[PDB]
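Listed next as structure tokens: two forms of one protein chain, kept apart as structure 1 and structure 2.
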Structure 1
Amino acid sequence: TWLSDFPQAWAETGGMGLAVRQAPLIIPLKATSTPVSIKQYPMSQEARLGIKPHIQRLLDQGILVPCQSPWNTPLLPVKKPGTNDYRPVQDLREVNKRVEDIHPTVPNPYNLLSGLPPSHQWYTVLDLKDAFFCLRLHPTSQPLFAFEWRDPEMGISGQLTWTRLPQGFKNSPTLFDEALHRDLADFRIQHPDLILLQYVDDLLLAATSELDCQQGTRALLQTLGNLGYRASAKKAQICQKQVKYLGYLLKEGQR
């Protein structure tokens, strides 16, 4: 299908992404910040067991690495919405308070959609998978996001940290949005006729005709794969005249 034509663009077949054109990110601290070390809260075995496979997988992917850092924040066991599956959720609030603020450049959905003309009725919606993880973290900034991990069988001494932009970090959405904007700048230039809306990891491609939407989508997927990002094939809405984007149902230029 569209899946076979772009094996590298889909998370299903391209493997975990890595934005190769983006320099590892350095995270500036506020002028007065010093490391904060919050001890990990005791976790039930059920919670630890539920979370273990995820840490192992991230460790195998190299997204997490062992470390020793004066910084440390709590790992919280959080059951998926109503479900009984545990998911690791780092409380990075004390770290966020010590990181220098940046201007929020992500447009709110409402204003973003205003840039959608009635002429472009053919849409493609793509969701980038593990977007933040595609952006490398500079070695100097990695220690900042450390947390403790007590092994299952055996493995880690104590602390682990991220080598990619983390979930829970106040500036992750904005930094991802800006980096993807830089990586897709050229694409916008090569396709003056297409309408591309970016909302962090949620992308919408607007075209005038089914052919343009198809040709445009091929190029976009091709480009995304080459840059190192990965779109979810499962969720992909390709060349439809009716799509769901950012909580809206688009059709007939309405909404």
Structure 2
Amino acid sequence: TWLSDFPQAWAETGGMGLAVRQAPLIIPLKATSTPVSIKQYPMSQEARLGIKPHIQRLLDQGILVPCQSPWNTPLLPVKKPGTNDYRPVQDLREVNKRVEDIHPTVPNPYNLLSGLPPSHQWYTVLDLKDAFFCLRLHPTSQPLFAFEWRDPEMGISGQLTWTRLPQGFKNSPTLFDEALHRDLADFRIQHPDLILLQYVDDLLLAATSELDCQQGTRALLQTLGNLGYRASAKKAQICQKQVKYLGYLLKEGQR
């Protein structure tokens, strides 16, 4: 009943996340950067109809808000199979080129796993849902990610932008990893005998016994829920001696 014991921690039962302890992020631009406004390539009705539901959902969630900005980047008619799942994909390359670089602090999977001791063979893997959207963007940095949205049948005035850390932004993974690391520092301190590996939104908790893993997982879920993050209950691998993490299969202390 992991699902029922922690209603707030699961994305399926706790509503959209919001890292309440994290201050809205301010995105520094390179010293010579000036806003760039790239025109939106005309989108076909089919692509527009596919994307529409997502845009409305995000507007309802307050993740997207109307705005007028000197910045503008293109939205793409992206999918995968044939012409389904039209999730909106923003081409933020011209924005990324004007944003100041930050040190890449997210360790590569290989080195991250090196920190997994043979002594801890009871694992719990969790992946946070819509992780980036949990981090607020400071109002001053919001205009930077604006894009155009039109509804030929009288819909929206013009531009919309993100109030949360967006997908496609070059520093989103790193900024999210650093945050969360900050939010989970106390948990690590409260559970010295537990191993916690973090790779952006993918978490691995390792314990020496099934009990400790159970007690540790309870604590982690409780903490994540309270902080405003949400884990996928569907994909959760709880207290297993064999789990799939970052492309590896952890078994018998191997990999």
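Take the two forms, find the largest set of C-alpha atoms that superpose within 1.5 Å, and that set is the rigid core. Residue numbering: structure 1 sequence, from 1.
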query: After superposing on the rigid core, which residue among 118, 139, 81, 115 shows a C-alpha displacement of 2 Å or more between structures 1 and 2?
result: 81
message: Aligned on the rigid core, do the two forms place the Cα of residue 152 2 Å or more apart, comparing between structures 1 and 2?
response: yes
- line: Superposed on rigid core, residue 195 CA travels between structures 1 and 2 a distance in Å of 0.2
